[PDB]
Amino acid sequence: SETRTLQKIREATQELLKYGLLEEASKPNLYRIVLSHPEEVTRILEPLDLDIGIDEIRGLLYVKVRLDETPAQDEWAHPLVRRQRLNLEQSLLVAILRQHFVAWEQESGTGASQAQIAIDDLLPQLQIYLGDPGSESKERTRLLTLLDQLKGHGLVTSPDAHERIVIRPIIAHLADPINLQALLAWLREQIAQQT
Amino acid sequence: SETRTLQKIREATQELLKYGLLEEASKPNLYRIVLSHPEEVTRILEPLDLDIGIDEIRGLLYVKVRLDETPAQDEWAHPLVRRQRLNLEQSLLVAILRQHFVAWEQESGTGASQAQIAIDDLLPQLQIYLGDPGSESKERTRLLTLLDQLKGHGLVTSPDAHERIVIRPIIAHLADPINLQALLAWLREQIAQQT
Amino acid sequence: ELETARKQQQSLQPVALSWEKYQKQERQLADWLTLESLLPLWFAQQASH
Amino acid sequence: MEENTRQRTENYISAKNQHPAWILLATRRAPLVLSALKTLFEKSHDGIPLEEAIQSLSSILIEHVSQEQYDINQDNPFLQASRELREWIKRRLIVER
Amino acid sequence: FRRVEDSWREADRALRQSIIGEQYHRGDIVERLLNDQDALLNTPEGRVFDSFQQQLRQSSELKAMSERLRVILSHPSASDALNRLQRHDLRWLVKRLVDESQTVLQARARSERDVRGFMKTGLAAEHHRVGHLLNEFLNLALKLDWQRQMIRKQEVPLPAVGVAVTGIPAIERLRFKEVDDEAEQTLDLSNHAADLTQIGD
Amino acid sequence: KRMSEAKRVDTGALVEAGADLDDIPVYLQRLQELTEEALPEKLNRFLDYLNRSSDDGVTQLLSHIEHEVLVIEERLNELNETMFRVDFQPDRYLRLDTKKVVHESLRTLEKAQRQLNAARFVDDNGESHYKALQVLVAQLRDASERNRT
Amino acid sequence: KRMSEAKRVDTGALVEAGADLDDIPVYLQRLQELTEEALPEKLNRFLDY
């Protein structure tokens, strides 16, 4: 019947759907191919109510619901996407990494260099804001579980030889950072009131 | 201004992608919408290397992997598919379910999905192949785990109040003669290797 | 089930019986009309002689 | 009759390695298991409800905590009773329906 | 009787297994059922069962036996000869037997139900083909090693149909713990001492 | 005529095909298959086996009920033992005497079971046995369904 | 074929009849009787009720 879409476009679109993003520093072929065929990609995604947000400064592509704002409800619901709500600890970790990424972009500029941090610099703040689980080993296990969970969402890389991790630039496009700031303020108030 | 696909078609295709299948008996409106523009749905799914099969007789639409240039090793390697490959205990349960399905269809014709079987009827059948651990509760737990796994693939509804399940007509297409005769040859080969 | 199987076989047996009785007439017919087709040439040879 | 002589040894060996009863009597821990099981099954003749059975077995095993040479549990005898009922079901000593 | 039970259980299981056997016509399976049952019945334990059944027919004698047992166990000497458990067992011997035979009858009923399932199949055209295919596959199945988990969890080559796609991980779908609901639920440990003057005359 | 007659008593096999010369193949194929299965000759055996199995079921059940009744008798004897240890009054104690119900339905069941035991000896391939068993299971199922009466 | 089917549907008005051409008069008699007396009368009773 009709002709076929270019195999590269199909492959890149399926990748972007599987991982919800593409990175210039990781998969340059798909990234540049999608950017050079942007109209085609938005045409493919249009009928699913999907669209691509783009970032040349940070070299990040990502999907974004194309539903018109408040179309039928105050806050939308999309069949093919599930709006998960992170548990408390996960919210703290995203808040911490968001703030550190913002500081990194202050010191280095936006999208100029990847954000990095050491596990030993995160563990003290997790202890500060959540309490001691019983040992350094349990703290590290909890942090590893959380970091794996975020890696599932494409928010963090795996630990490397320096016990360091890289913060995925996708955080710059998070939904409600102000709610994260509010939660952080609530936490710094609770850490004081509780003791 | 911009060409936006009919809202109904967009909603129907999004839901159909969500559920992997779409039955007349449960969502007739979207099913008919798709049947009214099947080439639109094919045009929509073609780029992702997904296609649309159809069975108007039973009233079932199921998305199936496009065959044009997918890896011949298996279509389950497709990036978008989320569910794991079927395993052969699940395949045994599928075979028994298909046998019951055809037994019922003989009496009821190709009518709506009244294919229902008591959970108790399965235990004797599975007991032959999977042994007798001598504890009806243990084998019930085993069978219910298998049925949960199959409901993951959409072949059966979860047990209702009366410990009964309904076999989704999709099974007829996952266990149609060509698939059965491919599996049969592969299993004969496996037994030959066992010897 | 067994009773209905007995009735089905009782009904079907005469079908095959008559079908054989009919194949016999089919063979009786085919070769006989072939003989009729051959009659003119036999009579032609005898008339020539 | 000579078959009855030699083939009988194979019968006995197969029983030794297969039959649950002989396997049980051979285990280093047989008497405790046998006593507990008879205690359970003597007082009722219609089949113990599983939960009642595990409770009674935990009560019994609480007694045997004094045996220094047999798997002393002093942290949760209930879990021990559950695990051992499951084990005995695995040996086909007790079948539950 | 504890072994009569096992004999009939094995007979039923063998019949069920052979039903999955493709070679059998409807007539062959009925013949197997009848002959397996007769053979089981003609073994020694089968004759035990049959004699028990005849006694059930002539129930007068069994009732008389149980009455005599009641009389026997009431005697004082019974307490000396047997402990209470043994006396109980001997008293309800007949009940125990009448209950135990029910398992033989239940295995027999299971086999009969399975042959009912098999017999009625006066199939049609489309069904018949896949019926033969499934029977062939099931006969292949029996020769596998099911108790080995690895064999159970082998990956079959079946086509991907009903293929669902979900959870495209759009960053936007995320939301965060709204702990701002801080209002505590107050505790109530007050003893509600009551005055009786509030109920009427 | 014969082919239409055969379809008159078909079940799911001959209906898929017509009633002309091109349809004889499948008809004679069905006849051959039926002859190969050879079900009809089994009929006399299977009637006897049905008689025996269902008679076993019914008799076992009707005896299980009887011995349950006797268990109830034993329970009342235990109660009698308990009251006998205690004075209901200065020189009295209470005793529990049972008795057998004279319900019409039990009388009908007894009649039917007598007939069933009278049917084992009439030799007609167990047809009378089957009729007696039929009437007995009729009562069993009837009482099973409308139980509360 | 059609008259055998008719006898198949019949409820007792053709039990006495055969399935042969000599029975064609029987089929015609029953059909005319239906059309002109029986469907009319039965319809009249139905509408009265």
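A look at the overall build of chain F
Line of reasoning, step 1. Regarding its fold elements, chain F presents five helices and zero strands.
Line of reasoning, step 2. For chain F, the succession of helices and strands along the chain, N to C, is α-α-α-α-α.
Line of reasoning, step 3. Its C-alpha atoms give chain F a radius of gyration of 28 Å, clearly above 15 Å, the size a compact globule of 149 residues would have.
Line of reasoning, step 4. If you line up chain F on its principal axes, its C-alpha atoms span 100 × 35 × 25 Å.
Line of reasoning, step 5. Burial statistics for chain F: of 149 residues in total, 26% are counted as buried.
Line of reasoning, step 6. Contacts in chain F between residues far apart in sequence, at least 24 positions, make up 44% of those at least 6 positions apart.
Line of reasoning, step 7. Surface summary for chain F: the accessible area is close to 10500 Å², and the carbon and sulfur share equals 54%.

A word on the pairing of strand β2 (residues 50-55) of chain B
Residue and element names in this part refer to chain B.
Line of reasoning, step 1. For β2, the buried fraction is high: five of the six residues fall into the buried class.
Line of reasoning, step 2. Strand direction decides the pairing type here: β2 and strand β3 (residues 60-65), joined by six bridges, are antiparallel. Pairing of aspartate 51 across the sheet is with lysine 64, part of β3.

Focus: the arrangement of the chains
Line of reasoning, step 1. There are nine pairs of chains in contact here, and the one with the most contacts is chains B and E.
Line of reasoning, step 2. Taking C-alpha atoms only, the smallest gap left between chain A and chain C, which are not in contact, amounts to 52 Å.
Line of reasoning, step 3. In this assembly chain A lies apart from chain F, the nearest approach of their C-alpha atoms being 37 Å.

So, a negative patch on the surface
Line of reasoning, step 1. A surface patch of negative charge is lined by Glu189 of chain A together with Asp180, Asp181 and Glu182 of chain E.
Line of reasoning, step 2. The topology assignment puts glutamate 182 of chain E in the segment after α9 (149-152).
Line of reasoning, step 3. Judged by relative accessible area, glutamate 182 of chain E falls into the partly exposed class, the value being 45%.

With respect to the interface of chain E and chain B
Line of reasoning, step 1. Of the residues lining the interface, 43 residues belong to chain E; the matching set on chain B comes to 53 residues.
Line of reasoning, step 2. Here chain E and chain B share an interface that buries about 5000 Å² over both sides, 64% of which is from carbon and sulfur atoms.
Line of reasoning, step 3. Across the contact surface, chain E and chain B share three salt bridges.
Line of reasoning, step 4. For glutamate 89 of chain B, the salt bridge is made with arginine 152 of chain E, and the minimal N-O distance between the two is 3.1 Å.
Line of reasoning, step 5. On inspection of chain E and its partner chain B, the count reaches 20 residue pairs in polar contact.
Line of reasoning, step 6. Mapped onto the side of chain E that touches chain B, the elements with two or more residues apiece are α1 (2-20), α8 (125-142) and α9 of chain E.
Line of reasoning, step 7. In terms of residues, the side of chain E that touches chain B owes the most to one element, α8 of chain E, which gives 13 residues.

Notes on the sheet that holds strand β1 (residues 21-23) of chain A
Residues and elements named next belong to chain A.
Line of reasoning, step 1. Read from one edge of the open sheet, three strands run β1-β3-β2, paired in antiparallel fashion. Two strands bound the open sheet, and with one partner strand each, they are β1 and β2 (50-55). Averaged over all neighbouring strand pairs, the angle between strand axes comes to 20°, with direction disregarded.
Line of reasoning, step 2. Sheet strands in contact with helix α1 (residues 7-19) are β1, β2 and β3 (60-65), and its direction is about 110° off that of β1.

Side note on the interface of chain A and chain B
Line of reasoning, step 1. Taken together, the contact pairs 19 residues of chain A with 20 residues of chain B.
Line of reasoning, step 2. Both faces combined, the contact of chain A with chain B buries some 1900 Å², and carbon together with sulfur accounts for 52% of it.
Line of reasoning, step 3. By the criterion of area lost to chain B, the three top residues of chain A are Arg4, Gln14 and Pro47 of chain A, representing 31% of everything that side buries.
Line of reasoning, step 4. At the junction of chain A with chain B, the criterion picks out eight salt bridges.
Line of reasoning, step 5. Among the salt bridges present, the one from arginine 10 of chain A reaches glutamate 69 of chain B, with a minimum N-O distance of 2.9 Å.
Line of reasoning, step 6. Scanning the region where chain A abuts chain B turns up 11 residue pairs in polar contact.
Line of reasoning, step 7. Sort the elements by how many residues they give to the side of chain A that touches chain B and α1 of chain A lands first, with six residues.
Line of reasoning, step 8. Looking at side-chain class alone, the side of chain A that touches chain B contains six nonpolar, six polar and seven charged residues.

Describing the sheet that holds strand β1 (residues 21-23) of chain B
Residues and elements named next belong to chain B.
Line of reasoning, step 1. Strand order in this open sheet of three strands is β1-β3-β2, and the pairing throughout is antiparallel. The open sheet terminates on both sides in strands that have one partner only, identified here as β1 and β2. Along the sheet, successive strands turn relative to each other by an average axial angle of 20°, direction set aside.
Line of reasoning, step 2. Pairing geometry for β1 and β3, over three bridges, is antiparallel. Paired with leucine 22 across the bridge in β3 is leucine 61.

A word on the environment of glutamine 102 of chain E
Residues and elements named next belong to chain E.
Line of reasoning, step 1. Tracing the sequence through the fold places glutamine 102 in helix α7 (residues 93-119).
Line of reasoning, step 2. For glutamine 102, a relative accessible area of 27% gives the class partly exposed.
Line of reasoning, step 3. On a C-alpha basis, the gap between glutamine 102 and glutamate 5 in space is 9.3 Å, while along the polypeptide they are 97 residues apart.

Focus on the side chain of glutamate 37 of chain F
Line of reasoning, step 1. For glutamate 37 of chain F, the location among the structural elements is in helix α2 (residues 24-37).
Line of reasoning, step 2. Given the relative accessible area of 8%, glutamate 37 of chain F is considered buried.
Line of reasoning, step 3. Here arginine 26 of chain E takes part through its side chain, which lies 2.9 Å from a polar atom of the side chain of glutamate 37 of chain F.
Line of reasoning, step 4. Excluding its chain neighbours within four sequence positions, the residues that come into contact with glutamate 37 of chain F are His25, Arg26 and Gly27 of chain E.

As for the packing of aromatic side chains
Line of reasoning, step 1. All chains considered together, the criterion is met by seven aromatic pairs over all chains.
Line of reasoning, step 2. For the ring pair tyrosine 129 of chain B and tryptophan 146 of chain E, a centre distance of 6.4 Å and an interplane angle of 85° mean the geometry is edge-to-face. Of this pair, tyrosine 129 of chain B sits in helix α5 (residues 119-130) while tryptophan 146 of chain E sits in the loop between α8 and α9, on two different chains.
Line of reasoning, step 3. The buried category is assigned to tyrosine 129 of chain B, whose relative accessible area is 5%.
Line of reasoning, step 4. The buried category is assigned to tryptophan 146 of chain E, whose relative accessible area is 6%.
Line of reasoning, step 5. Taking the centre distance of 5.6 Å and the plane angle of 65° together, the rings of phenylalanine 46 of chain F and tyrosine 49 of chain F count as edge-to-face. Placement of the pair is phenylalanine 46 of chain F and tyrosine 49 of chain F together in helix α3 (residues 39-84), with a separation of three residues, close to one helical turn.
Line of reasoning, step 6. Here the basic side chain of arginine 83 of chain A rests over the ring of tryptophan 76 of chain A, its NZ or CZ set 4.0 Å away from the ring centre.
Line of reasoning, step 7. Stacked on the ring of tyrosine 19 of chain B, the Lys or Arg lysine 27 of chain B has its end atom at 3.4 Å from the ring centre.

Concerning the packing of helix α3 (residues 30-42) of chain D against helix α4 (residues 50-63) of chain D
Residues and elements named next belong to chain D.
Line of reasoning, step 1. Remark: α3 packs on α4, axes separated minimally by 10 Å, with the N-to-C direction vectors making an angle of 135°. With respect to α4, the element α3 is oriented oblique. Handedness of the α3/α4 crossing: right-handed. Together, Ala36, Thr39 and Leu40 of α3 and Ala53, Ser56, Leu57 and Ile60 of α4 make up the contact between the two elements.
Line of reasoning, step 2. Among the residues forming the contact of α3 with α4, the class breakdown is five nonpolar, two polar and no charged.

Quick look at the nonpolar core
Line of reasoning, step 1. In terms of nonpolar packing, the biggest core is built from 67 residues, with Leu93, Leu97 and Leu122 of chain B touching the most fellow members.
Line of reasoning, step 2. Here this core takes nine residues from helix α4 (residues 88-108) of chain B, the largest share from any one element.
Line of reasoning, step 3. Every residue in contact with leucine 122 of chain B, bar those within four places of it in the chain, is listed here: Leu93, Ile96, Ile117, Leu143, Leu147 and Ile165 of chain B.
Line of reasoning, step 4. The next biggest cluster of nonpolar side chains, apart from the first, holds 39 residues, and it includes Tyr31 of chain A together with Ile9, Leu17 and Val41 of chain B.

Observations regarding the environment of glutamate 136 of chain B
Line of reasoning, step 1. Relative to the helices and strands, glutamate 136 of chain B is located in helix α6 (residues 136-152).
Line of reasoning, step 2. For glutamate 136 of chain B, a relative accessible area of 33% translates into the label partly exposed.
Line of reasoning, step 3. The sequence separation of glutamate 136 of chain B and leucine 123 of chain B amounts to 13 residues, and the corresponding C-alpha distance is 8.6 Å.
Line of reasoning, step 4. The residues contacting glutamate 136 of chain B, other than those within four sequence positions of it, are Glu96 and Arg97 of chain D.

What about a nonpolar patch on the surface?
Line of reasoning, step 1. Taken together, the side chains of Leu39, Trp42 and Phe43 of chain C make up a nonpolar region of the molecular surface, amounting to roughly 360 Å² of accessible area.
Line of reasoning, step 2. With respect to the secondary-structure elements, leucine 39 of chain C resides in helix α1 (residues 2-48).

Comments concerning the packing of α1 of chain C against α3 of chain F
Line of reasoning, step 1. Direction vectors running N to C along α1 of chain C and α3 of chain F enclose 145°, while the axes themselves pass 8 Å from each other. By crossing handedness, the relation of α1 of chain C to α3 of chain F is classed as left-handed. In this structure, α1 of chain C uses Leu2, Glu3, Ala5, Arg6 and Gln9 of chain C to contact α3 of chain F, whose residues at the interface are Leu39, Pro40, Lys42, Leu43 and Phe46 of chain F.

Rules behind the numbers
A chain's residues are numbered here from 1, following its sequence as written, a convention that may not match the entry; residues for which no coordinates exist are omitted. Chain letters start at A and ligand numbers start at 1, both assigned in the order the entries are written. All values in this entry refer to the displayed chains, which constitute part of a larger assembly. The basis for every side-chain value is the complete set of non-hydrogen atoms in the structure, without hydrogens or water. A run of H or I in DSSP counts as a helix once it spans at least four residues, and a run of E counts as a strand once it spans at least two, with each numbered from the N terminus. Two things to know: the radius of gyration comes from C-alpha atoms, and the globule rule equals 2.2 Å times the number of residues to the power 0.38. Exposure is judged per residue with a 1.4 Å probe applied to protein chains only, and the accessible area is read against the type maximum: over 50% gives exposed, under 20% gives buried, and values in between give partly exposed. Pairs of residues are marked as contacts when any of their non-hydrogen atoms sit within 4.5 Å. Here the accessible surface of atoms and residues is derived via Shrake-Rupley with a 1.4 Å probe, and residues count as covered only by protein chains that are part of the display. DSSP calls a pair of strands paired once it identifies at least 2 bridges connecting them. The patches reported here contain residues having more than 30% relative accessible area and no salt bridge. Joining distances are 9 Å for like charges and 5 Å for nonpolar side chains (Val, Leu, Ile, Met, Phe, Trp, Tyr). Every case where a carboxyl oxygen of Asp or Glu lies within 4 Å of a side-chain nitrogen of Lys or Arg is listed as a salt bridge. Under the convention used here, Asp and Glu are negative, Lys and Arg are positive, and both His and the chain ends fall outside the count. Charge placement uses NZ in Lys and CZ in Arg. For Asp and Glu, CG and CD serve respectively. Buried area: the accessible area, evaluated with a 1.4 Å probe, that two parts lose upon being put together, summed over both parts. Polar contacts here mean pairs of N or O atoms no more than 3.5 Å apart (in protein, one a potential hydrogen donor and the other a potential acceptor; neighbouring residues in sequence count only if both atoms are side-chain atoms). Interaxial angle, 0 to 180 degrees, is taken between N-to-C directions of lines fitted to C-alpha atoms, where a helix line uses only the stretch in contact. Charged means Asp, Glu, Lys or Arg here, nonpolar means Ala, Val, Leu, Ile, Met, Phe, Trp, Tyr, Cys or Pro, and polar covers whatever is left, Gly included. Ring geometry is summarised as follows: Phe, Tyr and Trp rings, the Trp one being its six-membered ring, pair when their centres sit within 6.5 Å, and such pairs are stacked at plane angles under 30 degrees, edge-to-face over 60 and tilted between the two. Two conditions define a charge sitting above a ring: the NZ of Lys or the CZ of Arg must be within 6 Å of the ring centre, and it must be within 35 degrees of the ring normal. Here the word oblique covers every angle except those under 35 degrees (roughly parallel), over 145 (roughly antiparallel) and from 65 to 115 (roughly perpendicular). Rotating anticlockwise by less than a right angle from the far helix to the near helix defines a left-handed crossing, while the corresponding clockwise rotation defines a right-handed one. Put simply, a nonpolar core is a bunch of buried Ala, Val, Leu, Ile, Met, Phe, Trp, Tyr and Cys residues held in one set by side-chain atoms that sit within 4.5 Å of each other.

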